[PDB]
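Contents: one structure, followed by commentary.
All Cβ positions, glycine included, derive from the backbone under ideal geometry; neighbour counts span all protein chains shown. What follows is calculated from the coordinates using simple rules that are stated; it is not laboratory data.
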RNA sequence: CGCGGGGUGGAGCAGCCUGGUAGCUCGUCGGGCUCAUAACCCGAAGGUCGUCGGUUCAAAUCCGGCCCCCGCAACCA
RNA sequence: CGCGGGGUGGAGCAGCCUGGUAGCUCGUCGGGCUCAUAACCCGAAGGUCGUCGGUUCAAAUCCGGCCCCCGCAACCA
RNA sequence: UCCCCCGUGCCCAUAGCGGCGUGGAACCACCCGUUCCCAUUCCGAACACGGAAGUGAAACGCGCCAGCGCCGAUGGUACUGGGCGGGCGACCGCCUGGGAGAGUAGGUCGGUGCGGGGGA
RNA sequence: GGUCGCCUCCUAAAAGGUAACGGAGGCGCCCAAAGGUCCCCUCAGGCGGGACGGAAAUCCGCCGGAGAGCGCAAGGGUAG
Ligand SMILES: [Mg+2]
Ligand SMILES: [Mg+2]
Ligand SMILES: [Mg+2]
Ligand SMILES: [Mg+2]
Ligand SMILES: [Mg+2]
Ligand SMILES: [Mg+2]
Ligand SMILES: [Mg+2]
Ligand SMILES: [Mg+2]
Ligand SMILES: [Mg+2]
Ligand SMILES: [Mg+2]
Ligand SMILES: [Mg+2]
Ligand SMILES: [Mg+2]
Ligand SMILES: [Mg+2]
Ligand SMILES: [Mg+2]
Ligand SMILES: [Mg+2]
Ligand SMILES: [Mg+2]
Ligand SMILES: [Mg+2]
Ligand SMILES: [Mg+2]
Ligand SMILES: [Mg+2]
Ligand SMILES: [Mg+2]
Ligand SMILES: [Mg+2]
Ligand SMILES: [Mg+2]
Ligand SMILES: [Mg+2]
Ligand SMILES: [Mg+2]
Ligand SMILES: [Mg+2]
Ligand SMILES: [Mg+2]
Ligand SMILES: [Mg+2]
Ligand SMILES: [Mg+2]
Ligand SMILES: [Mg+2]
Ligand SMILES: [Mg+2]
Ligand SMILES: [Mg+2]
Ligand SMILES: [Mg+2]
Ligand SMILES: [Mg+2]
Ligand SMILES: [Mg+2]
Ligand SMILES: [Mg+2]
Ligand SMILES: [Mg+2]
Ligand SMILES: [Mg+2]
Ligand SMILES: [Mg+2]
Ligand SMILES: [Mg+2]
Ligand SMILES: [Mg+2]
Ligand SMILES: [Mg+2]
Ligand SMILES: [Mg+2]
Ligand SMILES: [Mg+2]
Ligand SMILES: [Mg+2]
Ligand SMILES: [Mg+2]
Ligand SMILES: [Mg+2]
Ligand SMILES: [Mg+2]
Ligand SMILES: [Mg+2]
Ligand SMILES: [Mg+2]
Ligand SMILES: [Mg+2]
Ligand SMILES: [Mg+2]
Ligand SMILES: [Mg+2]
Ligand SMILES: [Mg+2]
Ligand SMILES: [Mg+2]
Ligand SMILES: [Mg+2]
Ligand SMILES: [Mg+2]
Ligand SMILES: [Mg+2]
Ligand SMILES: [Mg+2]
Ligand SMILES: [Mg+2]
Ligand SMILES: [Mg+2]
Ligand SMILES: [Mg+2]
Ligand SMILES: [Mg+2]
Ligand SMILES: [Mg+2]
Ligand SMILES: [Mg+2]
Ligand SMILES: [Mg+2]
Ligand SMILES: [Mg+2]
Ligand SMILES: [Mg+2]
Ligand SMILES: [Mg+2]
Ligand SMILES: [Mg+2]
Ligand SMILES: [Mg+2]
Ligand SMILES: [Mg+2]
Ligand SMILES: [Mg+2]
Ligand SMILES: [Mg+2]
Ligand SMILES: [Mg+2]
Ligand SMILES: [Mg+2]
Ligand SMILES: [Mg+2]
Ligand SMILES: [Mg+2]
Ligand SMILES: [Mg+2]
Ligand SMILES: [Mg+2]
Ligand SMILES: [Mg+2]
Ligand SMILES: [Mg+2]
Ligand SMILES: [Mg+2]
Ligand SMILES: [Mg+2]
Ligand SMILES: [Mg+2]
Ligand SMILES: [Mg+2]
Ligand SMILES: [Mg+2]
Ligand SMILES: [Mg+2]
Ligand SMILES: [Mg+2]
Ligand SMILES: [Mg+2]
Ligand SMILES: [Mg+2]
Ligand SMILES: [Mg+2]
Ligand SMILES: [Mg+2]
Ligand SMILES: [Mg+2]
Ligand SMILES: [Mg+2]
Ligand SMILES: [Mg+2]
Ligand SMILES: [Mg+2]
Ligand SMILES: [Mg+2]
Ligand SMILES: [Mg+2]
Ligand SMILES: [Mg+2]
Ligand SMILES: [Mg+2]
Ligand SMILES: [Zn+2]
Ligand SMILES: [Zn+2]
């Protein structure tokens, strides 16, 4: 048995995993949003940015933009520039979008 | 969100009675209406006229929502029925728009029907929900006789969080659902 | 749905339009009108709701009508068939109850003609 | 006359008859049974024939069990015709029996009665046979 | 194919060359076939239309 | 709500055949009805109405006893 | 054994190719004419399509097996 | 592929050359006569004149394209 | 470096179904609202956005129990690569190496990787 | 008499291949969406409840790993 939730997840995640790039995963809780970057070859998170960890607040979308930007800072430092965006079970829009838009001008190539 | 009549009777009268009747510990345990779905199972408009939109305008009138189509799943010969033929309407009432339909139903619709002698008690779902059938549809007040071509019934389904019929029986009886026996 | 449960014909007089209920005839029409001072020759449409509400709340209560009436008539007949009276047997066969000739006619009680070689 | 009610396929290849019986080697119902000593295609005619013989022997009484069933279609080309031009027609059904397979069983009839009845039955069968009594070994299986 | 599922060429409207050949159902889609397609001659894309095979 | 297909819903006044005013919301702001929730015979306690015992029947028929016991 | 045709109201034949819908003549039953019978006129009933399977939303109709009837074939020695 | 001519009411149909009328027979309906049956006779319903575009005061009648049925002749590696 | 939670892989049911219990500090979830972005062949159910009054009822996490499901030896046998023997014949049998399936004993209410948040 | 090319399954003896006038079936098409992509959705069936409404029309609830669907025969594949 499966929720449409889970089905979407696998469906969008698998497609990205095939392209073999680094993976920018995202979690979007009611109160926060989190974004880690994963090497699925080794199965390991290389760098992570989040609202909770940023001790951040001030409207979800505007917040989301920053965690992306912050994510790029720690990423580019390590050497990461090329990446693929795991949009999870979430429609590419609003909060998730803002995270991407931030992480974009933050320097990430995607 | 919007102050309405029936919602007040539930929240200020139905709720507590239920609590003292089954001794609910947690607040969300208390049974509540989830949604009300109207379904005019036509198919009388199968190959026939697209004048199911008359029944659709009549429908949207009663509910205050635009009704969606339902079309043939499989084709059936005995029914003169092609897979994909428009054969019904369905509209899902939630939140406040639900509360309004139920208020006008318990108060104005259900009495105005020919020889009303109570709702069927046995018609309970077995897992907390309830189903009934109308044949008229001028029975709703906002439908004068002049608007009607031919008669048309509909299938009302009312869905509650009630674990069982007992809890469901009570939630409905207390709201104003008149039962027959 | 207006009175007692089914909308009597508008545009036609009161005395007449009353008849169109399973329970009222010209007799109860002639009468029920008088007991609420309704103008006997006024069309249903011409009726003020003042006149309407009064003749509505009147008749519904005063007499057994329609479904409840018919169910009672039906329940009346069921009684006959159960005990086994002659009229009860005549209802069992569908034959003429009120003591008649069946050699000819009697076809209203038993419908269409069923010819045999 | 035994034969399948319905059949996925009408003609069936012949096959070999390797080994001992695959299973159905222990008495499972009555007190005595008839066991196959050598393998064969047991015809539906023979099954029925044995069946009748026992029935007849203890006229009215006891119950007969039949642990074999003819599901294999047996083919035969017509008389006096040559090889080739298709496979022959189905002309009957057999049950493939192998040594160790209990084929019949009886119950609720006296020991002597059972012995004669099962004995006569074997005489109808195209193979050597032995009668057996239900054992501690059978109930253990 | 058949009398009804027919063969046809796609002709570039810009320079009138036929650069592709395909099919269609005549009964189902009875109109000429309009389609953008690359033209090797014009070296761009072009609206091509159906042309009797 | 996907508007542009839905009928507006203004406050409604359904005064019935017993004067019983019930305000609510509906498509029509003015609508009338005969019998209602209040004045329906089934709803009101039980109401004899005109059904009392199905006529002077059966053993309770009276109108007899030609005896002086 | 081989090949082709056929089985549809009581009788005799259409409809199958192209799936949805059962027709014709006779007979039969009821009513007319006639003193009566027939001829004649009016009106009606009657099959669940050989039998099993299968395809299909749907089968007299398309596909496989079996049964009965019909025609053709069965030569070289 | 190249020619020739048709589509007109339910069936068949001259009207088309020569632009002003959707006409004829058969079919169905009603009425007359009838032993009846036909035939006869009076009336009547029934069409965008294949499509779409075009010359014209107006065209089934004349043009261009297109659909379709029949027809003519030739070709088929 | 032990404990709890969140995201995420790997092993692919010994991990599952079902039952009973536990958890809201934090996280997470239901939850609150429909102004805005977005959305419903009807419905803010879903998707989406702005929130934080309430609640762990649901969901989820963590436990516990073996009815189900799942896993499942050893021992023995079927069958068999190779080498042989007996019988007119049907078929049997021997050495050597390999060796199931079923069933019996029995196991199981998961185990682990990387990052994030919170603890003692 | 039947057959003649192509496809599916068995025969085929656990790689590939393998014969017979051996056992079963199909093809000579089709689709301007039945194609490309992006986004969303998940079956069949069972039980219960529901005016006309039935075994089966459309609606509600619970169950359900795939027994449905995938134009067409069969096989393989397939709801991550
Ligand atoms: Mg499952
Ligand atoms: Mg999904
Ligand atoms: Mg999916
Ligand atoms: Mg790994
Ligand atoms: Mg800030
Ligand atoms: Mg910016
Ligand atoms: Mg760059
Ligand atoms: Mg509101
Ligand atoms: Mg309360
Ligand atoms: Mg219908
Ligand atoms: Mg009344
Ligand atoms: Mg009766
Ligand atoms: Mg009479
Ligand atoms: Mg059987
Ligand atoms: Mg052998
Ligand atoms: Mg063996
Ligand atoms: Mg052996
Ligand atoms: Mg052996
Ligand atoms: Mg065996
Ligand atoms: Mg005995
Ligand atoms: Mg013997
Ligand atoms: Mg023994
Ligand atoms: Mg013993
Ligand atoms: Mg035992
Ligand atoms: Mg251009
Ligand atoms: Mg064309
Ligand atoms: Mg161009
Ligand atoms: Mg009141
Ligand atoms: Mg009361
Ligand atoms: Mg012939
Ligand atoms: Mg032929
Ligand atoms: Mg013939
Ligand atoms: Mg034949
Ligand atoms: Mg035949
Ligand atoms: Mg026939
Ligand atoms: Mg005949
Ligand atoms: Mg003939
Ligand atoms: Mg035929
Ligand atoms: Mg034919
Ligand atoms: Mg006669
Ligand atoms: Mg005569
Ligand atoms: Mg069938
Ligand atoms: Mg038929
Ligand atoms: Mg059949
Ligand atoms: Mg037939
Ligand atoms: Mg046949
Ligand atoms: Mg010769
Ligand atoms: Mg010679
Ligand atoms: Mg002619
Ligand atoms: Mg430690
Ligand atoms: Mg983990
Ligand atoms: Mg592992
Ligand atoms: Mg699992
Ligand atoms: Mg349990
Ligand atoms: Mg327990
Ligand atoms: Mg407990
Ligand atoms: Mg416990
Ligand atoms: Mg406890
Ligand atoms: Mg808190
Ligand atoms: Mg605001
Ligand atoms: Mg607005
Ligand atoms: Mg807006
Ligand atoms: Mg958009
Ligand atoms: Mg919008
Ligand atoms: Mg639609
Ligand atoms: Mg839409
Ligand atoms: Mg739990
Ligand atoms: Mg237990
Ligand atoms: Mg167990
Ligand atoms: Mg397994
Ligand atoms: Mg072992
Ligand atoms: Mg060993
Ligand atoms: Mg060996
Ligand atoms: Mg060996
Ligand atoms: Mg040897
Ligand atoms: Mg030897
Ligand atoms: Mg031996
Ligand atoms: Mg030796
Ligand atoms: Mg040796
Ligand atoms: Mg060994
Ligand atoms: Mg060995
Ligand atoms: Mg345990
Ligand atoms: Mg477990
Ligand atoms: Mg568990
Ligand atoms: Mg543990
Ligand atoms: Mg380790
Ligand atoms: Mg030949
Ligand atoms: Mg091989
Ligand atoms: Mg198509
Ligand atoms: Mg979508
Ligand atoms: Mg969708
Ligand atoms: Mg279902
Ligand atoms: Mg049901
Ligand atoms: Mg149903
Ligand atoms: Mg019906
Ligand atoms: Mg449904
Ligand atoms: Mg299956
Ligand atoms: Mg299906
Ligand atoms: Mg599947
Ligand atoms: Mg499948
Ligand atoms: Zn070009
Ligand atoms: Zn009132």
At a threshold of 8 angstrom on Cα-Cα distance, excluding pairs fewer than six apart, so keeping six or more, what relative contact order does the range C:72-117 reach in percent? 21
Running a GNM on chain B with Cα contacts under 10 Å, which residue among B:78, B:131, B:122 ends up with the highest mean-square fluctuation? B:78
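For peptide B:52-63, compute the average count of partner chain beta-carbon atoms within 10 Å of each residue's beta-carbon.
Values: counts 0, 0, 0, 0, 0, 1, 0, 0, 4, 4, 3, 4.
Mean shielding by partner chains, rounded to a whole number: 1.
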Please list log₁₀ I(q)/I(0) at q = 0.13, 0.14, 0.30 Å⁻¹ for chain E, using the Debye equation with identical point scatterers on the alpha-carbon positions. -0.30, -0.34, -1.12
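Count, for each residue of F:37-47, the Cβ atoms from other chains sitting within 10 Å of its Cβ, then give me the mean as a whole number. Working shown, then result.
On the way: counts 9, 2, 3, 6, 6, 8, 6, 0, 0, 0, 1.
Other-chain Cβ atoms within 10 Å of each residue's Cβ, averaged: 4.
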Which distance in Å, rounded to a whole number, links the C-alpha centroids of the range B:18-80 and chain E? 48
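Most exposed first by the Cβ proxy, i.e. fewest other Cβ within 10 Å, how do D:87, A:9 rank? Mind showing how you got there, number by number?
On the way: D:87 11, A:9 16.
The most exposed by this proxy come first: D:87, A:9.
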Report, in degrees rounded to the nearest 10, the 0 to 90 angle that the Cα long axis of helix D:111-124 makes with the longest principal axis of chain D. 10
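Name the shape class, rounded, prolate or oblate, that the alpha-carbon gyration tensor gives for chain A, where a ≥ b ≥ c are the square roots of its eigenvalues, rounded holds for a/c under 1.5, and otherwise prolate holds if a/b is larger than b/c and oblate otherwise. Numbers along the way, then the final one.
Working: a/c = 1.81, a/b = 1.11, b/c = 1.62.
Taking the square roots of the gyration eigenvalues as a ≥ b ≥ c, chain A is oblate.
Hey, what does the equivalent ellipsoid look like for the range C:72-117, semi-axes from the Cα gyration tensor as sqrt of 5 times each eigenvalue, largest first, whole Å?
Working: eigenvalues 110, 23, 18 Å².
In descending order, the three semi-axes are 23, 11, 9 Å.
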Tell me the relative contact order for chain B as a rounded percent, counting alpha carbon contacts under 8 Å between residues six or more apart. 29
Would you mind checking the tilt of helix D:44-57 against the longest principal axis of the Cα atoms of chain D, expressed as 0 to 90 degrees and rounded to 10? 30
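Cut-off is 10 Å between beta-carbons; in what order do D:110, B:160 appear when sorted fewest neighbours first? Walk me through the numbers before you get to the answer.
Numbers: D:110 11, B:160 19.
By the 10 Å Cβ count, ascending, the order reads D:110, B:160.
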Give me the distance between the Cα centres of the range C:47-96 and the range F:8-47, rounded to whole Å. 29
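Could you tell me which of rounded, prolate or oblate describes the protein assembly as shown, using a ≥ b ≥ c as the square roots of the eigenvalues of the alpha-carbon gyration tensor, with rounded for a/c under 1.5 and, failing that, prolate when a/b is larger than b/c and oblate otherwise?
Numbers: a/c = 1.89, a/b = 1.14, b/c = 1.66.
Oblate is the answer for the protein assembly as shown, as a/c is 1.5 or above yet b/c matches or exceeds a/b.
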Looking at chain F as a GNM with Cα springs under 10 Å, which of F:35, F:56, F:21 has the largest mean-square fluctuation? F:56
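Would you list A:13, C:70 from fewest to most Cβ contacts within 10 Å? It would help to have the intermediate numbers written out before the result.
Numbers: A:13 17, C:70 14.
Final ranking by Cβ density, sparse to dense: C:70, A:13.
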Scale the Cα Rg of chain C by the rule-of-thumb value 2.2 N^0.38 Å and send over the ratio, two decimals. 1.47
Counting only other chains, and only Cβ atoms inside 10 Å, what mean value do you get across the residues of B:113-124? 3
Using only Cα atoms and rounding to the nearest 10 degrees, what angle (0 to 90) does helix B:95-104 make with the longest principal axis of chain B? 80
Rounded to one decimal in nm, the spacing of the 7 Å Cα→Cβ label points at residue E:18 and residue B:166 is 8.2
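Note the direction-averaged projected area, equal to a quarter of the hull surface, for the Cα convex hull of chain D, in nm².
It is 10.2 nm².
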Among rounded, prolate and oblate, which fits chain B when a ≥ b ≥ c are the square roots of the eigenvalues of its C-alpha gyration tensor, a/c under 1.5 means rounded, and a/b larger than b/c means prolate? prolate
